[PDB]
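Protein chains in written order, with my numbering: chain U, 6 to 54; chain A, -13 to 108; chain E, 3 to 52; chain L, 747 to 1086. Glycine residues also receive a C-beta, built at the ideal position from the N, C-alpha and C atoms. A short write-up of the structure that comes next.
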Amino acid sequence: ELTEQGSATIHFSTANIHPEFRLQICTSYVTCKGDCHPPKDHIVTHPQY
Amino acid sequence: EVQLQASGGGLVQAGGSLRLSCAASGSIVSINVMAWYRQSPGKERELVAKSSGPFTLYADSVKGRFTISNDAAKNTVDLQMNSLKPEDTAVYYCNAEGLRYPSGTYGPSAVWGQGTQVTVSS
Amino acid sequence: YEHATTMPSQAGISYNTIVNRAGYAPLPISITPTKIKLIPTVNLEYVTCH
Amino acid sequence: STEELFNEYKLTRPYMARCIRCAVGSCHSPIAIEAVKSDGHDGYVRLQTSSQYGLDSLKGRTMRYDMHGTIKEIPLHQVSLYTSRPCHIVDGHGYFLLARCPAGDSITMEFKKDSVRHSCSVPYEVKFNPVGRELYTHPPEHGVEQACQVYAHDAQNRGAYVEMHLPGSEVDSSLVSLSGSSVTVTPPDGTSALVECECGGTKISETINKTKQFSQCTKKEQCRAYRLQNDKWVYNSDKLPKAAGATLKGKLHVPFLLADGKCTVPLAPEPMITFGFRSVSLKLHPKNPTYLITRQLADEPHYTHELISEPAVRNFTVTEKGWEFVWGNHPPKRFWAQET
């Protein structure tokens, strides 16, 4: 849901240590960039997404 | 160095009632195994009583005639004797095992006292 | 997670450490030694007096 | 004197229990077995039962047990129990039984009334432990003496205690009965009962030997009547509901605690030795499976441990430093070679 001047929070997953991608929002493209780190659990109980 | 001192015993007629007391002194705080052993002339050493905290044990030939009580606060063991028999003539030793020194330089595990002679006359 | 640290041998002073993680916030540690005993292992030989 | 020992269990009563397997099936029995302990060497085992022994409804050998709230007694030599072969009952005192019979996998205990047989079987392992290093199944007629642990034959105040608890409310459908239009409750003489119902609204009534009928109830299955008792405590059994509030009023000693004694252990046949240059051979013939332990008297032992249950041949090498061995329960034998 888009507000007038609010901020939208989005959850996602990726397989890149240095994520950098173009995100499409409903008219336009924006640039997202960052650096992720290893999680803690060695063996999990849910699928890869 | 911990040592055990024995007291009590002595001469008595058949059917009498005596007390034996063994006391531990030295660098000790808590004790685990109180036991008594008897050694008649010409025979090997044998156990008579065994006390450790709330539990008490007795041998086959001595049930119903000897009672053992331990006082950990004073670290003493008292053996009450009642209705003695001529087979009881022997020298009685008191044993201490599982000694917990209070750091308390770790040292010998078990110790032994001189013991006391008990003789009943028919 | 394993973390090694060194402690000067002196009581009466505080000591602060930070445990750093690349993806998580740092964790604080505060340590104060109150009293250190160096107890010798001593045996008894004999006693004497007047 | 023993009446002062018996005095503890004069303050309690037997109790019905559930047992998974009577002669028919899932069942309620007076002889439900709570636990079994088998740690003694000579097969002496301890059974914790739901009945009482040595107390009459003080007598030597009797079983005192419960029947729908009614206490009954039987001579001790009627009940039996077995695992694989007929066992042998020695003595009983309170909630505990001492038994002596060989290994197995399940414990069955049974007795026979005039026309109804009561029994059940519980699958708890029972283990027979041999003494020393000579595995056997029945202790020998003769041998040598050793010190093992066996269970004491007589009761005495030891340092081991159990806990009792205030009994809960026992529902009994026999008390409730149907009148012409109401429900009739007839508590037993000299005891109080609690009737709780929902035929109309919530109901709670403590009756004290009063035959009272309640209105608004037509059928009998809607609701329940209980039984109340203050004395005659029960063990902390997992098969009963608990009372209301702190459930603690003392403790009782457990007899038949283990002790140390003298034990007969078999003796193996003497092995026939034949000697050669720096070597020995042991012509060997065991009566039962037996252990060889062999060691050298050097800085390194090359210790060898072996179980033999058949005739065999073994050739050993011996040096000047020395050889040592134990077969069976004999004193160790040390051999020391010489130049020749």
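query	result
Going by CA-CA distance only, name the one from L:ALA1083, L:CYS833, L:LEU1013 that's closest to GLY1068 (chain L).	L:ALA1083
What span of residues does the beta strand (DSSP E) with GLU25 (chain U) cover, start to end?	25 to 30
In chain order, what residues of the same chain lie with their CB nearer than 8 angstroms to the CB of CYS773 (chain L), ignoring the 5 residues before and after it?	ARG764, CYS765, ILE766, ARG767, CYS866
Note down, in chain order, every chain A residue with its Cβ under 7 angstroms from the Cβ of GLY878 (chain L).	Here the premise fails: no neighbours, minimum Cβ distance about 20 angstroms.
Any idea which residues DSSP pairs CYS969 (chain L) with across the strands?	None, per the DSSP bridge assignment.
Using DSSP with H/G/I as helix, E/B as strand and the rest coil, what is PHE752 (chain L)?	helix
Between the alpha carbons of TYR790 (chain L) and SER803 (chain L), how many angstroms are there, rounded?	29 angstroms
If you measure beta-carbon to beta-carbon, which residues of the stretch 782 to 816 of chain L are closer than 8 angstroms to chain A?	none
Flag this pair as yes or no: are the beta carbons of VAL(-2) (chain A) and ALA82 (chain A) separated by less than 8 angstroms?	no
Roughly how many angstroms lie between the CA atoms of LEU6 (chain A) and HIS884 (chain L), to the nearest whole one?	42 angstroms
Below 9 angstroms between beta carbons is the criterion; list the residues of the stretch 18 to 38 of chain E that meet it against any residue of chain U, in chain order.	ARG23, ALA24, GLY25, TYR26
Just checking my contact of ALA769 (chain L) with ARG904 (chain L) at CB under 8 angstroms: how many whole Å lie between their CB atoms?	In fact, because the Cβ distance is near 37 angstroms, the residues do not count as touching under 8 angstroms.
Determine whether the beta carbon atoms of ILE41 (chain E) and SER11 (chain E) lie at a separation below 8 angstroms.	no
Determine, using beta carbons only, whether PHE52 (chain A) and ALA35 (chain A) come nearer to each other than 8 angstroms.	yes
Residues of the stretch 40 to 71 of chain A with a CB closer than 9 angstroms to any CB of chain L: list them in chain order, please.	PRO40, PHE41, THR42, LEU43, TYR44, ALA45, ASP46, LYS49, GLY50
Can you tell me where the beta strand (DSSP E) with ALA992 (chain L) in it begins and where it stops?	No beta strand (DSSP E) contains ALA992 (chain L), which DSSP labels as neither H nor E.
For the stretch 29 to 43 of chain U, list every residue whose C-beta sits within 8 angstroms of some C-beta in chain E, in sequence order.	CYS41, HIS42, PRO43
Alpha carbons only, please: which of L:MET762, L:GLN975, L:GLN902 is nearest the one belonging to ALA939 (chain L)?	L:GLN975
Would you call the CB atoms of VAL890 (chain L) and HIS787 (chain L) closer than 8 angstroms?	no
Counting contacts by CB-CB distance shorter than 8 angstroms, is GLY905 (chain L) in contact with chain A?	yes
Applying a beta-carbon distance threshold of less than 8 angstroms, which residues of chain A neighbour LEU46 (chain E)?	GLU(-13), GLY12, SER13
Specify whether the stretch 992 to 1009 of chain L and the stretch 39 to 46 of chain A touch according to this definition: at least 3 beta carbon pairs, one from each stretch, less than 8 angstroms apart.	yes
Would a check of beta-carbon distances place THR43 (chain E) closer than 8 angstroms to chain A?	yes
Tell me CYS37 (chain U)'s beta-bridge partners as DSSP assigns them.	U:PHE26
Quick one: is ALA24 (chain E) buried, meaning 16 or more other Cβ sit within 10 Å of its Cβ, or exposed?	exposed
What are the boundary residues of the beta strand (DSSP E) that residue 114 (chain A) is part of?	Nothing can be reported for residue 114 (chain A): it is not among the residues displayed for chain A, which extend from -13 to 108.
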